[PDB]
Every structure is written in structure tokens, then in C-alpha cells.
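Here is what each chain is made of, one letter per residue.
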Amino acid sequence: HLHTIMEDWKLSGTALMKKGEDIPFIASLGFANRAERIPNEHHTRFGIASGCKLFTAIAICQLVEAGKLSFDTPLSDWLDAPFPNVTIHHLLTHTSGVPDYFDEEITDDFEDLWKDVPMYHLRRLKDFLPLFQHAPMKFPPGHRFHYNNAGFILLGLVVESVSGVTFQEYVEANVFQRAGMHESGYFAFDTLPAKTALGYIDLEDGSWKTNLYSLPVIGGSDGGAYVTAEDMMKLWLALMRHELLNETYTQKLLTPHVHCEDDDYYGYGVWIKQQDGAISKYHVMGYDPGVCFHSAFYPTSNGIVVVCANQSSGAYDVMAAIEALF
Amino acid sequence: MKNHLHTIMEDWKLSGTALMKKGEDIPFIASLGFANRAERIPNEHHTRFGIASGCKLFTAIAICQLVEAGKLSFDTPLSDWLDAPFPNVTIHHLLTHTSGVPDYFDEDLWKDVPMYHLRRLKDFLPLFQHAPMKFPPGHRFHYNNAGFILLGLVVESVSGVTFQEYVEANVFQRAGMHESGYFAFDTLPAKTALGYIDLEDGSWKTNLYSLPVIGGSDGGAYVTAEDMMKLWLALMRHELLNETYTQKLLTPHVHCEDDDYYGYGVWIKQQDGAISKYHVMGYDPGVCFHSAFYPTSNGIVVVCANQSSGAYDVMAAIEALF
């Protein structure tokens, strides 16, 4: 029944819905590649922007569960770049106070970040450091909630520093592999593999362009990873079945540590919807030029929804239409 | 259906499209390899390829049209049209690579400068306009890319439209080239090959971050092989310039070395007191290109490729047929 939903909202991408034990409904629409008329299909990989902050949190928790790290550990312990009194837990919940290279509360001009800095030289997480490391802290570590991208870069640098491998290597091995996600990865624009959608930006002048020069050339600890809808489904499944972390650490990651506003809380790298004294969903989302993404696990029905799109907006409206079906 | 070009391309492992036309005959055309490796989209006859410096010829035709039109002289100082100063440099010096101006080249290149913000010829000036002249204009031949950027800027200044608009309208359209264009990487149309760079470790990457985002007057235009054939035909038939100006373009104004001479934006092979071919060529990351016209036989060869080398050997192999 997803097809009608996507058709009505004119969504180019792939949506998925799974109810408990049943096999998923999966539906693709629009083009992965407009020029070449390659339709979006079920196995098409999509960039997910901030959706993959969750994978960063999962990775960080695995290091804690493995006893190589703790949530109280100071950032000074593992990184040179000083951020006084900042702790892992501050970063995980967006309460660290660190300066951001892209404060989404005041700026939405992602592309303009790369006007002077070539985005194709953002290949390692350390390449982001100069973009914010010298800026003043915004507030005392722990003071308030403030969505922060640099904060998840810093976490990525911790994963690397603790593990000794690259962030991408860690996640593809300890998260994608350990959860059966064989069609997912941190792909780079200049080495895009088959069955990968291009991200389309629609412009004030009526024309389109792809997002090749609008995002960091490769995804990282704060966003930009690629998955298929069903690999995202598999990711929720593995998480909720304690296949990625043990029960204690899984539950710690899913704990509403911060209350943001109204029904919205944040855990470790995940959003939480809690209304009338019960959690209705855990969810992630992401928005980039040419990209939008919404995905959720509904504890009540053990439902899973995944909306991937290779356009700038729409996944939310399609997500609402689907969770209604529940 | 197979022809002998397929065999040549296969022998040299050339990914692209090649073309041969003998006088008035129907051309032979052949494609091999992938326009897009990951998607396994095959190169076909109507695939467009970047041709790097191959399009310096389009720049020279454009300039000649303006001169033929009476809006400009080959002896016109650059200072009559451009503000960036290059003292004593004439249009003619630029067209023959004898102007002595500084060059931007010469990517350590786009390591500092985002290649995606080179969308207008104007965006190149900062890369060379402040550097010192190399030698007195007219003094010496030295192949210069910035030189053709300046010529593009002259075309814009004289015509009042963008270089790309001018060429598409007065060159491509006037030649019947309906499938050619100055495409940008972030807006590539259908039937366009990606440029592949083959690394030592056996892998590949596309050239999306290795060239200026859009082609211009020193190189980077896209054509099909048959469009390029059509370009040579319209040129030689005096459809882009009258006979006087076609012949000025094709004149060996400079002896470079041995049998190699240069006219206006075109290479000239002259041996034993006779010219055997007018030709152009281009090499960029993930691009190579060779095309010639053979006056002695009215022969045309076009070799477009979406890989870094090999177009020369296919070309040499096809011309050994004339």
C-alpha cells in the first residue's frame, strides 16, 4: 500500500514497512538516475544524511561495552583538540557545548560551507577539525540541549583513536556486518558503486543539479552513509534483538537522557517519541541537499518504517502516512 | 554491426567511440567499453565525450567569425576588450600560442581552489592575471591554456553572451552539431560518458573533482564522434567561415618543431613542403581525444575516449588506413 502513498506525495526513493514478524512491504518510485533513466528500485542505495549518527552512537557504545571506553570518559583522554570538561556522554546527547561547523539552528545553507573549502578534500574525519576546533565553546558542557554535528565528528575521532581503524572501517565491520547489512557503506561520490541513487537538488530557477559538490565527498560520523531500505530494516532488527550490543547497553542507548521539547527526547544518537507516559517510537532522520530520510522502530507493534529518498524533502509526509497505517 | 574500427579499438583496449570518413563515403563508427562502469552502461555511437583541448579549435573558429564579421582584427590588442592587462598581446598571438602571457597550467591545481566554482571564464583570471609575462608577445611559441581563456573572454566581451552560448549557437548549430555541448558535471545529460581515472592499485575513480566543473575556451567541451565529423565538414566547406577566413585559420603561422606547425587553434602536420593533416587533440584526467582532417584524401578521423590514454594509438592505427 506504500506505492499509493509515494505516488500521492510524489516521492522519489524507496519506502519500507514491516509489522512484527511479517515480511516487509517495500515500494520504490522515481529515478535513482534521472538522466540515464535508471528507476529507483528496492536494492538502490540511498544517502541518509544525519540518519547514520545512530551508527556512530552504536559504535561508541560497543567500545564502552567492550571496556575500552566509558560514557564519563573526558574527550581530552582520547583527542588532542581540547574541549574543556567535554565527555563522551555530552557528545552523544548533544549537550557538549562544543562549537559546530554547521549550526542547524541558525544556518540551513549546507552547500555554502564548501564555497572556499573543497568538499572533495573532506575524506577523513580529521579534515573537519579546522572547521570548528578553534571556535569558542557555546556553553558549559551539560548546560543545555543543542543539536551539534561537529559533536558527532568528535565521537568519530574517538572511535578511530580507540579502535585504531578508520571510522568507516569500524562501522562497516562492527555494525553493518554484525547486523547483516551487506548492501551498505560509506561510499564516495567519485567511486560510487552500482545501484546507488544520485541526489537531486531542485533550484529556485526551475532547473535541477546533483549534490556532488554540496556534501562532503564521503559520509562520516555525523552523516552521509548509504543503505538500502531493507538494510535499514535489518539495522533496527539487529539493534532491538541485542545483536549489536548486549541488553544493558542497548537499553542505555535507547534511554531518554535529554528532553528537547514536548514529546521529543534524545537518547544516544537516536530520537525518542514519548507521549502519555509511554514511548511510541525510536527514530532517526536526515536532511541534506538532494537527500531526505526518516526511519523508526515502533516498540508497541514491533513495527519498522524506512523512508529513503534521493530528493530534498518529502520522506516525512510519507513516513506519517505509513505510521498511520499502523 | 562490426567493422575494422572495432578491431582496432579492441586491440588497444580503448573505451570510447571512433570514427572514419573517406571523402564522400558513409563513415565507419565503432564504440567499445563503458560510458559508466558501475552501471555497466556501454559506450554507444551517440555517447558524448569530453575532449579536453580538442575544443581550442571551436574557440579559434569563434574568434575568426568575429573578425570576419568586422567586430575585431587579428591585430587587435587585448587591451581593447579586456581589463586585466597583458601589454602588447594581440589576438593573433593568443590564437597561435605566441603571446607570452602567464599560464594557470603550466590537481595540485584544484587542491586549494574548488573546481566547482570555475563556472565562468572569468573565474580563471585570478589564477594567472597577476603573474609576470614570460616573454615579449610574438617572440616564441609556448602552448598556453590561459591564452585561450583570454580568447574566450574576448568572445564574451565582443558578442555580449557567454562563451558557451556563443559557441553553441554560432559553431555547433551552424555545423549541424545537435548533440554537442558544454556540459557541467553536476547537470550531465543522457548519453554522456563519465571520465575514468585508473589508479596504480588497480581501482578507478571518476574525474568529477579533477577538472573544472564545466568546459570552456581552453578545453572541456563534449561532442559525439559524428558531431565532431560534422564540425570538420562545415569548416572545410566554408560553412562556419568564408574561404578567406577558413584559410587563415588553417595557415601554418608558427613552426613549432620538425613537422609540427600551429595555425589558429589547430595543429598542422607539414612534411616535405606539403600538409598531410590538420588536427586537434586533448588530454585531461579520464579523457583523451584525437581528431584530424586529411586534405589529400578528404579523410576525417575522430577518436573520443573516456579513459586517460590510448586515443593516439587508435588514431595512428586508423590513419595507416588512408
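Residues numbered from 1 in each chain as written, not as in the entry; some residues may be left out. Chains lettered and ligands numbered in written order. Heavy atoms only, no water.

Method of determination, as annotated in the archive: X-ray crystallography, at 2.200 Å resolution.

S.K.: Honestly, the overall build of chain A in this entry has me stumped. Any pointers?
M.R.: Scanning chain A from N- to C-terminus turns up 8 helices and 14 strands. In terms of C-alpha radius of gyration, chain A reaches 19 Å, essentially the compact-globule figure of 20 Å for 326 residues. Its C-alpha atoms give chain A principal-axis dimensions of about 50 × 45 × 35 Å. Burial statistics for chain A: of 326 residues in total, 58% are counted as buried. Once local pairs closer than 6 in sequence are excluded, the contacts in chain A between residues at least 24 apart make up 64%. Per element, the accessible surface of chain A, about 13100 Å² overall, is 49% carbon and sulfur. Separation between the mean location of the 22 positive side-chain charges and that of the 41 negative ones in chain A comes to 4 Å. (Helix = DSSP H or I, 4+ residues; strand = E, 2+ residues; numbered from the N terminus. Rg over C-alpha atoms; globule rule 2.2 N^0.38 Å. Buried < 20%, exposed > 50% of the residue type's maximum accessible area, 1.4 Å probe, protein only. Contact = heavy atoms within 4.5 Å. Areas by Shrake-Rupley, 256 points an atom, 1.4 Å probe, with all protein chains shown as cover. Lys, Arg positive; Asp, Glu negative; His and termini not counted. Charge placed at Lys NZ, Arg CZ, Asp CG, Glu CD.)

S.K.: I'm lost on the nonpolar core in this one. Help?
M.R.: Burial of nonpolar side chains together is a common tendency in soluble globular proteins. By size, the foremost hydrophobic cluster in this structure holds 188 residues, and its most contacted members are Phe55(A), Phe58(B) and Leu249(B). What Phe55(A) contacts, discounting residues up to four positions off in sequence, is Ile48(A), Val171(A), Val175(A), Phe176(A), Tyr186(A), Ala225(A), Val227(A), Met232(A) and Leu235(A). (Core = buried A, V, L, I, M, F, W, Y, C linked by side-chain atoms within 4.5 Å.)

S.K.: Would you mind going over the packing of helix α4 (residues 150–163) of chain A against helix α5 (residues 167–177) of chain A with me for this structure?
M.R.: A packed helix pair is summarised by two numbers, namely the angle formed by the two axes and the spacing between the axes. All names here are of chain A. Between α4 and α5, the least distance of the axes is 8 Å, while the angle of their chain directions is 80°. It follows that α4 is roughly perpendicular to α5 by the angle criterion. When α4 is examined against α5, the residues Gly156, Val159, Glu160 and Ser163 are found in contact with a partner set consisting of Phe167, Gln168 and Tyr170. Class assignment of the residues belonging to the contact of α4 with α5 gives a composition of 3 nonpolar, 3 polar and 1 charged. (Axes fitted to C-alpha atoms, helices over the stretch in contact; angles between N-to-C directions. Parallel < 35°, antiparallel > 145°, perpendicular 65-115°, else oblique. Nonpolar A, V, L, I, M, F, W, Y, C, P; charged D, E, K, R; others polar.)

S.K.: Is there a simple way to explain the interface of chain B and chain A in this structure?
M.R.: The figure often quoted for interface size is the accessible area lost as the parts come together. At the junction of the two partners, chain B supplies 26 residues and chain A supplies 25 residues. Roughly 2000 Å² of surface becomes buried between chain B and chain A when both sides are summed, with 56% attributable to carbon and sulfur atoms. Together, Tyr116(B), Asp186(B) and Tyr209(B) form the three largest contributors to the area buried by chain B at its contact with chain A, with a combined 35%. Scanning the region where chain B abuts chain A turns up 0 salt bridges. Summed over the shared surface of chain B and chain A, the result is 12 residue pairs in polar contact. Among the elements that take part in the side of chain B that touches chain A, strand β7 (residues 204–206) of chain B stands out by supplying 3 residues, more than any other. Taken together, the residues that form the side of chain B that touches chain A break down as 15 nonpolar, 4 polar and 7 charged. (Buried area = accessible area lost by both parts, 1.4 Å probe. Salt bridge = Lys/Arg side-chain N within 4 Å of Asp/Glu carboxyl O. Polar contact = N/O pair within 3.5 Å; in protein donor to acceptor, adjacent residues only side chain to side chain.)

S.K.: Where do I start with the packing of aromatic side chains in this structure?
M.R.: Remark: the centre distance and the inter-plane angle together describe each pair of aromatic rings, the angle taken between the planes. In total, this model carries 38 aromatic pairs over all chains according to the counting rule given. Relative to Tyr209(B), the ring of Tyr120(A) lies with its centre 5.2 Å away and its plane at 35°, an arrangement referred to as tilted. A residue pair is termed interchain when its members come from two chains, as with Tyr120(A) in the loop between α3 (88–93) and α4 and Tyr209(B) in the loop between β7 and β8 (222–223). Here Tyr120(A) falls in the buried class, since its relative accessible area comes to 2%. Centroid distance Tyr196(B) to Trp204(B): 5.1 Å. Interplanar angle 90°. Geometry classified as edge-to-face. The exposure class of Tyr196(B) is buried, given its relative accessible area of 1%. Judged by its relative accessible area of 25%, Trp204(B) is partly exposed. Among the aromatic side chains, those forming a connected cluster through ring pairs are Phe83(A), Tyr101(A), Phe102(A), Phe110(A), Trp114(A), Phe128(A) and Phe132(A). Over the ring of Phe152(A) we find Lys53(A); its NZ or CZ atom is 5.8 Å from the centre of that ring. (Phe/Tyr/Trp six-rings, centres within 6.5 Å; stacked < 30°, edge-to-face > 60°. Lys NZ or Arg CZ within 6 Å of the ring centre and 35° of its normal.)

S.K.: Sorry, what's going on with the pattern of salt bridges here?
M.R.: Residue and element names in this part refer to chain B. Evaluated as defined, the whole model comprises 14 salt bridges over all chains. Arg37 is paired through a salt bridge with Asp198; the nearest N and O atoms lie 2.9 Å apart. Residue classification places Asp198 among the partly exposed positions, given a relative accessible area of 46%.

S.K.: What exactly am I supposed to notice about the packing of helix α2 (residues 56–69) of chain B against helix α5 (residues 163–175) of chain B here?
M.R.: Residue and element names in this part refer to chain B. Contact geometry of α2 with α5 gives a least axis separation of 10 Å together with a crossing angle of 85°. Classified by the angle between their axes, α2 and α5 sit roughly perpendicular to one another. Between α2, through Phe58, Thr59, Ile61, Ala62, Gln65 and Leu66, and α5, the contact on the second element is made entirely by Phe163, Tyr166, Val167, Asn170, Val171, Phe172 and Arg174. Across the contact of α2 with α5, the residue classes tally to 9 nonpolar, 3 polar and 1 charged.

S.K.: What exactly am I supposed to notice about a negative patch on the surface here?
M.R.: Residue and element names in this part refer to chain A. A contiguous patch of negative charge on the surface is contributed by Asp108, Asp109, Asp112 and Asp116. Looking at where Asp112 falls in the secondary structure, it is placed in the loop between α3 and α4. The exposure class assigned to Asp112 is partly exposed, which follows from its relative accessible area of 43%. (Patch = residues over 30% accessible without salt bridge, like charges linked within 9 Å, V, L, I, M, F, W, Y side chains within 5 Å.)

S.K.: I tried to follow the sheet that holds strand β13 (residues 287–294) of chain B on my own but got confused; where do I start?
M.R.: Backbone hydrogen bonds are what pair the strands of a sheet, in a parallel or an antiparallel way. Residues and elements named next belong to chain B. Read from one edge to the other, the open sheet built from 8 strands follows the order β2-β1-β14-β13-β12-β11-β10-β9, with strand pairing classed as antiparallel. The open sheet terminates on both sides in strands that have one partner only, identified here as β2 (28–32) and β9 (254–257). Neighbour-to-neighbour, the strand axes of the sheet open up by a mean angle of 20°, direction not taken into account. Direction of pairing for β9 relative to strand β10 (residues 260–262): antiparallel, over a ladder of 3 bridges. The residue of β10 that forms the bridge with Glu257 is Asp260. This element, helix α6 (residues 225–236), spans β1 (16–22), β2, β12 (274–284), β13 and β14 (299–305) of the sheet and lies at about 145° to β14. (Pairing = 2+ DSSP bridges.)

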